[PDB]
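Accompanying notes for the structure given below.
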Number of protein chains: 2
Amino acid sequence: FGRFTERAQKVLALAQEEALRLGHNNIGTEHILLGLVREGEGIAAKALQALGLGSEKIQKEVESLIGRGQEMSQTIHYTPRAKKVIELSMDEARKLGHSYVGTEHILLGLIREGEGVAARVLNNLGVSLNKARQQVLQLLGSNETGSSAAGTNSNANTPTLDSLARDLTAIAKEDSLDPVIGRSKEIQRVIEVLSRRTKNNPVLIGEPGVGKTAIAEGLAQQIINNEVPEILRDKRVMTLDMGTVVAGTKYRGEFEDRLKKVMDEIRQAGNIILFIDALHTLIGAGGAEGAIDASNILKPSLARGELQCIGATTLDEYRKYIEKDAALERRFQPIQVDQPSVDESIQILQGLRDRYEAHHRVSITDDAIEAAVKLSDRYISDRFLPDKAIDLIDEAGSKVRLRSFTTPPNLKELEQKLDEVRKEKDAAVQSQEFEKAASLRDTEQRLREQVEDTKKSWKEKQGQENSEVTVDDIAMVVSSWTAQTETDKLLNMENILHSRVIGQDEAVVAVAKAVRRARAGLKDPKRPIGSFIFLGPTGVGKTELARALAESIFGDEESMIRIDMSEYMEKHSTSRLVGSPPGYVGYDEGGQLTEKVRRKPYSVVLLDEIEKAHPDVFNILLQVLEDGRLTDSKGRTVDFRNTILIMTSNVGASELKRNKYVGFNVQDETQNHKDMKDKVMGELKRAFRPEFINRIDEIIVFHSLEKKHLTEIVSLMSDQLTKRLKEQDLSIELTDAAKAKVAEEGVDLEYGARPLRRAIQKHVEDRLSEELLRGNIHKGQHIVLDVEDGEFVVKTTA
Amino acid sequence: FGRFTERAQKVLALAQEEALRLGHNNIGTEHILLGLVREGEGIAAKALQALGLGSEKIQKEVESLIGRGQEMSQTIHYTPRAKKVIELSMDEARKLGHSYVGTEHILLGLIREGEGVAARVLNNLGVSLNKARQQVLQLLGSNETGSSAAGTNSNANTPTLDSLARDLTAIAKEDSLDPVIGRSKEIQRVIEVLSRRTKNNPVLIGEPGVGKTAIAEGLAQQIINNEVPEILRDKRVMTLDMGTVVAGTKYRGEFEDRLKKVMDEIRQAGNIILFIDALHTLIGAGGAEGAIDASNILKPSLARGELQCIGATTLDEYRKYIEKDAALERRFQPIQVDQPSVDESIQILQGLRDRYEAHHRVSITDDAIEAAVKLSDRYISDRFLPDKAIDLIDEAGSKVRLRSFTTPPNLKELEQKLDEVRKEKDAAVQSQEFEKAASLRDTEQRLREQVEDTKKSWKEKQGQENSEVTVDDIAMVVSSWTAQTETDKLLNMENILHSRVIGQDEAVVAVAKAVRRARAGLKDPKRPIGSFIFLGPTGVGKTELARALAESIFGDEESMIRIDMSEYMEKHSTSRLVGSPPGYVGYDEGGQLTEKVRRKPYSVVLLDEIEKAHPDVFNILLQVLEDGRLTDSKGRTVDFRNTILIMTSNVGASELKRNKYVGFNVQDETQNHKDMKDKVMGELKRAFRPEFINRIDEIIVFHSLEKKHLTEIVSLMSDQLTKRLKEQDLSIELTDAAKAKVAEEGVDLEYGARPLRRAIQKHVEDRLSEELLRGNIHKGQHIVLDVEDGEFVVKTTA
């Protein structure tokens, strides 16, 4: 593997030595056995010494196979039998914890593969093979955190702790706990509120989403040893774990019975600390429905202080417990739990790096880890800032680790050859045709040593990746899904936003810098990554930048919400037939807008045409842009805190859609362009209040239609066509010249831009499908549609 | 522990004495053992004398396992075995509830921890380890006070009281029942309802939720001694306990059967009292569902006086029983249970004080206790008058006690040092030399004694708090949630409200004065602490005073409800624009207002624009002012304990949202103020009917936009930026010079003072994030935005 211990490796090498000492050309498992007993009193060796085996005794049996002397050091590698015994030992060390592998596992693995060369050595020398595996097993993997013992005494605690549940305190006597991270100052605030015995219940409110449970392990460690008052002396810390409760329970009544039992034993009161994660669920209050109504027993328990407990809730959760009162107000008392401070995230990362050495490429790159956080919060953006983080780490901490064994030097062709050989070889002997297989057989094995030699020349491709988790890598992986290539995304955001939005640079750079500003990692991710107003007509600019922001901001353009404010009027978007209006603005606020962004805290949220809606909608939007949150949909809190809010506007649209027109000359065209990139910022102001527009980071400017838009419509539609031909394979691109010939059947004055579908269909879809049938084009290679002399032409390229 | 018997402590000191008397110098367990047998006939000592161990006999063995001689009297403290034996005694006293650990427990713990020289002494002197702990065990911990009767009886009473459950009367003939103390005046009307035959069932109505259950123990005591009614000198009080019934059961039918059985045994009729907590659940009447319908058996039982029982009910419950009729109301007959009078509260506080001295603190401070009540009633204000109180007492009654153990005087640096020692020492030996650790090792334990010496110099911070609670502290806990720093809050209310409201002192002092009156004791403890109308167009002062009122009035800035009355007219966001579908005023009375204030009964209620509300609304708010309560949302009563009802008005607007303006004179600005601070207090009255407003006291005055009112808005918006940046960990402040450059792009006449947020976005948000991105300012340093010579400058500080 790359995780083994000395003693293991040492028992193994001793085998090769005995192979040759005994004349065995191929180092049998029999020699692995010798290896084990020849390492003397190693965990394997020692085991063998118990069963009654000396290095010699093994070696004689071993010698009775091939025996002295038929070793010229010819093909002195292991036997396939012996190779199996080793593979088993690695797993036999997973078994005994051990991420590495000890001596024992090698003897244990030997036993497992019990009919081999080894096996026979022990089973001939009067040692039952499993009697040997016993003996090794009962001599540990040799992985510990150190230990000691001295015993305790009887105490009241006996009935309780069985049920339900694990106790942090036990595991901390011989420590194995970690802080882990914090959110340290939160732990302190508990002890006033808990060295209380009448509103003695702390209640942590944050978000999921900070690793709330980290703060909890904090308490455990510090409340035992040793700075705690005599108030909270005679302490036990008990966690009430949900998982054991749900198991073996088929109904609500039985679940309640288990909770009742806990409450009865809870008489250990005021000297016991109970940790209840997700506190809200038990109270069962608020909403259309609850979950379970433990509250009846639980409310007096909190008031009495018999249940002296710690509640872990999120943004939304608390409301449905303090609303019941007043043994929630003579219980609960609040404590500040972050909307992640970036640094706290980072520390979690460092802690779990070595275990992504079981996901190899981590431990390290440290620098990449900080980035894991920093790039992730802003680039996907969806999750919570430490999940976000870690995703970059392990992804990148694997992506390249895949690239490790992709080839030899490209001697993958070698392996391919060795196969083909076997066939020939075989089929020839299968007729027999002895030497007509023989030379093929030889050619096979030629290949074989070579294969393995150059597949392990790509141990150099291992040494590259197998502990770097690389900066660029981490960044790349966030960029891949949906430091370097996210900060190249941030710094070069404008470049990325420019490549998708054509014309109106004015808007792009304004957004670019504002998001990039946020994207430093600083601005605070408790409030959107960007607020914006995106001006421009219904045409060209706005949406496209929002999308392009998904690309630049998030890594790929694979996250852009878009909610219409005209639905937030009550009407103008359920007009006549279309849509469902169930109290319609109430539906949008009350559910729709909040639900969508609650799924994706990620995306560029584009709240469309805030012109047509009344100023009242905007007061609501203003909270979204400022607070970074809105609360609706049964009291749920929606994170707009790393969204990019973009509110669009236009009512002068027509002027930005104004034809180029030959008003006298072709410089009426060049007076139509320049004019429209000016005209926009006043079409914003005219249909609604200013108060909203000021929340916005920057005022983004766009414009559209002229003459010259028709051949741009052809370039939107033809690209949707060719992409639906990509879905089940076919790579197409149209050159602009070919889009022109399509437009040629579209400059009807009497039938508008209707003929464009038909001519795009005719020259692209229809033409490609009727060309795939010819064999002119090739599915899965790149197909360029151009006009050359004057007519449309399909050409092919790789 | 920090609480012990003589006997315990005596066994301990004798160990050190024996260390040297025998040649040792470190007290192992051997000296503790010696301690036990040398303490003579304390329960540990006595035990050892029984099993056959003399003081002599122990000390000689002890001495034969080091002793004679190592004598030179090296520092005699424990060693780790010996420390373990002690840890066990603490738990061996917990075991039998001794909160003042006794002799026995030390021998019990010694045995348990039966290793070290002691163990060997005892196992040498013809006593097995368990034979020794047995002897001790079987004689008390020495912490009793129960029993006072040695009588015996058998009577018909047997089947009933068995089942199900206790006998309050017994425990008060054992000298172990407390009154507790209520709610004393509550108990008396019950005794009428208890000597009857018809109407013989009491039903206590209040809030549950006041510690109501105290009144019940009152009865127990009075049924015993000594002048009480004729059947009350022939009555026994037996408790109907829900907990035993539900235990071992999980079917509703079985619960009913058991209740039927209880009624069968109730044949002690006309001489039996059943105590039923939370009476409603059994009756099952009213609501949209039951809770289990005992009524078939229960109703005739209740009316006849074969079940003469005591009901503990709440705000709503009674209504849903007289509706049931006609044996429900026959049985019932009412008694007044208050949310106890200010004085009643106080007595409860004092009564449970010593056990927050078992929660090692309060014991005292008296001024803080009285305050716990008084301050609670007005400051949070989220329960009934005593529940609040006691919570302050223990919270604060720990908060400073937490500060007890967190430093030496400042000799915390010692502990820090002692660490560094371990390291140098360790790593040096860990490589070796021996002596390359040695002097470092030695330096460590030198340090250690110093460390520990000054950590127990911070027993002085224990003697400070371990009978205190602090005034300021109790007050602090009330400030924490939402005497001294709440009555300093009361006294300095004005100062606190002034520091957070800028513009119109008239308003501030007015709220201050009504609240400070109320907050001194005189004013309803169940109606708003201030009802107010807050005048002037939205922009300056109104909300901000409501907030500032939370800070001064409640002790922290938080908890303020806020409902807009202008929506409640059923025509403004009834379905019109962004709100929710209901027929809006019906929703507000029927649910919204009442539910919201029910969560925090203290909340600053801001009923916005009572002017623009329907005249029915004025009645709804008026009902809060009259009753102090509103009853809605399925008959729940919302306690507006010391809410601050704040009714807003946006009128006066034309002058109060004008331009202060140079009218031809620069004294048109300073007369636009003087005019505006006049114009509001007459503009409120015209927009709504008098019937409401007359039960609204102070007329709170505010304005907004001017020349000058504008520049007060700039400083509100810049402050909205700086707080949202704190969550990640960025400390920002704008000095006035930077707020000025921001104003530079928003003193437009053609766009007003709307641009200011936007100009903050470019010059503050955008500038700081682009300054953080360049790293000239940083997280955890205070960042000043100033203007120097007409240009903005971002600085870094500390």
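Quickly run through the range A:509-529 and pick out the residues that are under 24 Å from A:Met676 (Cα atoms) and in contact with an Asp or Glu (Cβ under 6 Å, 6 or more places away or on another chain).
Residues of the range A:509-529 that are under 24 Å from A:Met676 (Cα atoms), as a first pass: A:509-514.
Hits for the range A:509-529 are A:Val509, A:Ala510, A:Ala512, A:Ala514.
Is it the case that some residue within the range B:361-373 is more than 14 Å from every other protein chain (Cβ to nearest Cβ) and of a type in the set (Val, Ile, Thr)?
Checking the range B:361-373: at least one residue is more than 14 Å from every other protein chain (Cβ to nearest Cβ) and of a type in the set (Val, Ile, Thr).
Does any residue of the range A:286-298 turn out to be over 22 Å from A:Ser163 (Cα atoms), at the interface with chain B (Cβ under 10 Å from one of its Cβ atoms) and out of contact with any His (no Cβ under 6 Å at 6 or more places or on another chain)?
Yes, some residue in the range A:286-298 is over 22 Å from A:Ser163 (Cα atoms), at the interface with chain B (Cβ under 10 Å from one of its Cβ atoms) and out of contact with any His (no Cβ under 6 Å at 6 or more places or on another chain).
Looking at the structure I just gave you, is B:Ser163 surrounded by fewer than 20 Cβ atoms within 10 Å (Cβ to Cβ) and in contact with a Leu (Cβ under 6 Å, 6 or more places away or on another chain)? If you could, list the steps in order and put the result at the bottom.
Values: surrounded by fewer than 20 Cβ atoms within 10 Å (Cβ to Cβ): yes; in contact with a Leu (Cβ under 6 Å, 6 or more places away or on another chain): no.
So B:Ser163 fails the test.
How many of the residues making up the range A:481-519 are β-branched (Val, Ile, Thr) and part of a loop (DSSP other than H, G, I, E, B)?
Taking the range A:481-519 and keeping what is β-branched (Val, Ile, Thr), we get A:482, A:485, A:487, A:496, A:501-502, A:508-509, A:511, A:515.
Filter once more, keeping what is part of a loop (DSSP other than H, G, I, E, B): A:482, A:501-502.
Qualifying residue count for the region: 3.
Can you name the condition, by its number, that B:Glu727 falls short on among (1) crowded, with 16+ Cβ neighbours inside 10 Å; (2) part of a helix (DSSP H, G or I); (3) within 10 Å of chain A (Cβ to nearest Cβ); (4) not small (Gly, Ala, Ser)?
Every condition holds for B:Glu727 apart from (2).
Report yes if some residue within the range A:596-605 is surrounded by 22 or more Cβ atoms within 10 Å (Cβ to Cβ), away from every other protein chain (no Cβ under 14 Å), polar (S, T, N, Q) and not in a loop (DSSP other than H, G, I, E, B); otherwise report no.
Within the range A:596-605, not a single residue is surrounded by 22 or more Cβ atoms within 10 Å (Cβ to Cβ), away from every other protein chain (no Cβ under 14 Å), polar (S, T, N, Q) and not in a loop (DSSP other than H, G, I, E, B).
For the range B:128-140, does any single residue satisfy the condition of being buried (at least 20 other Cβ atoms within 10 Å of the Cβ) and closer than 13 Å to B:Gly28 by Cα?
So the first thing to find is which residues in the range B:128-140 are buried (at least 20 other Cβ atoms within 10 Å of the Cβ), and the list is B:132-133, B:135-137.
Next cut, closer than 13 Å to B:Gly28 by Cα only: none.
No, the range B:128-140 contains no residue that is buried (at least 20 other Cβ atoms within 10 Å of the Cβ) and closer than 13 Å to B:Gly28 by Cα.
Can you spot a residue in the range B:410-420 that is within 14 Å of chain A (Cβ to nearest Cβ), within 21 Å of B:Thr454 (Cα to Cα), of a type in the set (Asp, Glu) and part of a helix (DSSP H, G or I)?
yes
Of these, A:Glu698, A:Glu733, A:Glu691, A:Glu712, which one is under 19 Å from A:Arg500 (Cβ atoms) and within 14 Å of chain B (Cβ to nearest Cβ)?
Of the residues listed, the single one that is under 19 Å from A:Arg500 (Cβ atoms) and within 14 Å of chain B (Cβ to nearest Cβ) is A:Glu698.
Okay, residues lined up against (1) within 35 Å of the chain's Cα centre (by Cα); (2) more than 30 Å from A:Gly682 (Cβ to Cβ); (3) of a type in the set (S, T, N, Q); (4) part of a helix (DSSP H, G or I):
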residue: A:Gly521; (1), (2), (3), (4): yes, yes, no, no
residue: A:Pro525; (1), (2), (3), (4): yes, yes, no, no
residue: A:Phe532; (1), (2), (3), (4): yes, no, no, no
residue: A:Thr538; (1), (2), (3), (4): no, no, yes, no
residue: A:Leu545; (1), (2), (3), (4): yes, no, no, yes
residue: A:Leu549; (1), (2), (3), (4): yes, no, no, yes
residue: A:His572; (1), (2), (3), (4): no, no, no, no
residue: A:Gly579; (1), (2), (3), (4): no, yes, no, no
residue: A:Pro582; (1), (2), (3), (4): no, yes, no, no
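Could you run through the range A:665-687 and say how many residues are within 14 Å of chain B (Cβ to nearest Cβ) and surrounded by fewer than 23 Cβ atoms within 10 Å (Cβ to Cβ)?
First, the residues of the range A:665-687 that are within 14 Å of chain B (Cβ to nearest Cβ): A:681-682, A:684-686.
Add one more test, that the residue is surrounded by fewer than 23 Cβ atoms within 10 Å (Cβ to Cβ), and what stays is A:681-682, A:685-686.
Result for the range A:665-687: 4.
Condition check: within 27 Å of the chain's Cα centre (by Cα), within 13 Å of another protein chain (Cβ to nearest Cβ) and surrounded by fewer than 24 Cβ atoms within 10 Å (Cβ to Cβ). Does A:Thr487 satisfy that?
yes
A:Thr213 fails exactly one of the following numbered conditions: (1) β-branched (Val, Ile, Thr); (2) over 30 Å from A:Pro525 (Cβ atoms); (3) away from every other protein chain (no Cβ under 12 Å). What is the number of that condition?
A:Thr213 satisfies all of (1) β-branched (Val, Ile, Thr); (2) over 30 Å from A:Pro525 (Cβ atoms); (3) away from every other protein chain (no Cβ under 12 Å) except (2).
Can you pull out every residue in the range A:154-210 that is within 14 Å of another protein chain (Cβ to nearest Cβ), among the β-branched types (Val, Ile, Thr) and not in a loop (DSSP other than H, G, I, E, B)?
A:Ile187, A:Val190, A:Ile191, A:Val203, A:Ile205
Scanning the range A:324-360 for residues that are part of a loop (DSSP other than H, G, I, E, B) and under 18 Å from the mean Cα position of the chain (by Cα), which turns out nearest to the other protein chains (Cβ to nearest Cβ)?
Taking the range A:324-360 first, the residues part of a loop (DSSP other than H, G, I, E, B) are A:324-333, A:337-341, A:352, A:358-360.
Now narrow it down to the ones that are under 18 Å from the mean Cα position of the chain (by Cα): A:340, A:352, A:358-360.
Working: A:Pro340: 8, A:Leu352: 23, A:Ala358: 29, A:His359: 29, A:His360: 30 Å.
Result: A:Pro340.
Could you count how many residues in the range B:735-785 are in a loop (DSSP other than H, G, I, E, B), of a type outside the set (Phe, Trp, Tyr) and more than 20 Å from A:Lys513 (Cβ to Cβ)? Show your work before the answer.
At the first step, the residues of the range B:735-785 found to be in a loop (DSSP other than H, G, I, E, B) are B:735, B:744-755, B:773-781.
From what's left, of a type outside the set (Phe, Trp, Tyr): B:735, B:744-750, B:752-755, B:773-781.
Adding the requirement that they be more than 20 Å from A:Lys513 (Cβ to Cβ) leaves B:735, B:744, B:746-750, B:752-754, B:778-781.
Residues flagged as in a loop (DSSP other than H, G, I, E, B), of a type outside the set (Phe, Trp, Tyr) and more than 20 Å from A:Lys513 (Cβ to Cβ) within the range B:735-785 amount to 14.
Looking at B:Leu392, is it within 13 Å of chain A (Cβ to nearest Cβ), farther than 17 Å from A:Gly305 by Cβ and either of a type outside the set (S, T, N, Q) or under 12 Å from the mean Cα position of the chain (by Cα) (or both)?
Details: within 13 Å of chain A (Cβ to nearest Cβ): yes; farther than 17 Å from A:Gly305 by Cβ: no; either of a type outside the set (S, T, N, Q) or under 12 Å from the mean Cα position of the chain (by Cα) (or both): yes.
No: the conditions fail for B:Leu392.
Can you pull out the strands (runs of 3 or more DSSP E) entirely within the range A:613-656 that have at least 3 residues that are surrounded by 24 or more Cβ atoms within 10 Å (Cβ to Cβ), more than 9 Å from chain B (Cβ to nearest Cβ) and in contact with a helix residue (DSSP H, G or I) (Cβ under 8 Å, 6 or more places away or on another chain)? Talk me through it step by step, then tell me what you get.
Numbers: elements: A:629-632, A:636-639, A:644-649.
Counting at least 3 such residues, we get A:644-649.
Of all residues being within 15 Å of B:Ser467 (Cβ to Cβ) and either in contact with a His (Cβ under 6 Å, 6 or more places away or on another chain) or facing chain A (nearest Cβ under 8 Å) (or both) in the range B:400-409, which is surrounded by the most Cβ atoms within 10 Å (Cβ to Cβ)? Just the residue, please.
B:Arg401
For every residue, the table says whether it meets (1) in contact with a strand residue (DSSP E or B) (Cβ under 9 Å, 6 or more places away or on another chain); (2) loosely packed, with under 15 Cβ neighbours inside 10 Å.
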| site | (1), (2) |
| --- | --- |
| A:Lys739 | yes, no |
| A:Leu749 | no, yes |
| A:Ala759 | no, no |
| A:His763 | yes, no |
| A:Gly790 | no, yes |
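Out of B:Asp277, B:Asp264, I need the residue that is out of contact with any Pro (no Cβ under 7 Å at 6 or more places or on another chain) and surrounded by fewer than 18 Cβ atoms within 10 Å (Cβ to Cβ). Which one? Break it down into steps so the answer makes sense when it comes.
Working: B:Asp277 fails: surrounded by fewer than 18 Cβ atoms within 10 Å (Cβ to Cβ).
Only one candidate qualifies: B:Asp264.
Within 29 Å of B:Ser704 (Cβ to Cβ) and more than 11 Å from every other protein chain (Cβ to nearest Cβ): does that describe B:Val784? Full working, then the answer.
On the way: within 29 Å of B:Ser704 (Cβ to Cβ): yes; more than 11 Å from every other protein chain (Cβ to nearest Cβ): yes.
Criteria met by B:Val784.
Every read-out reported here was derived from the displayed coordinates using simple, explicitly stated rules and does not represent laboratory data. Note that each Cβ is placed from the backbone with ideal geometry, even for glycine, and that neighbours are counted across all protein chains shown.
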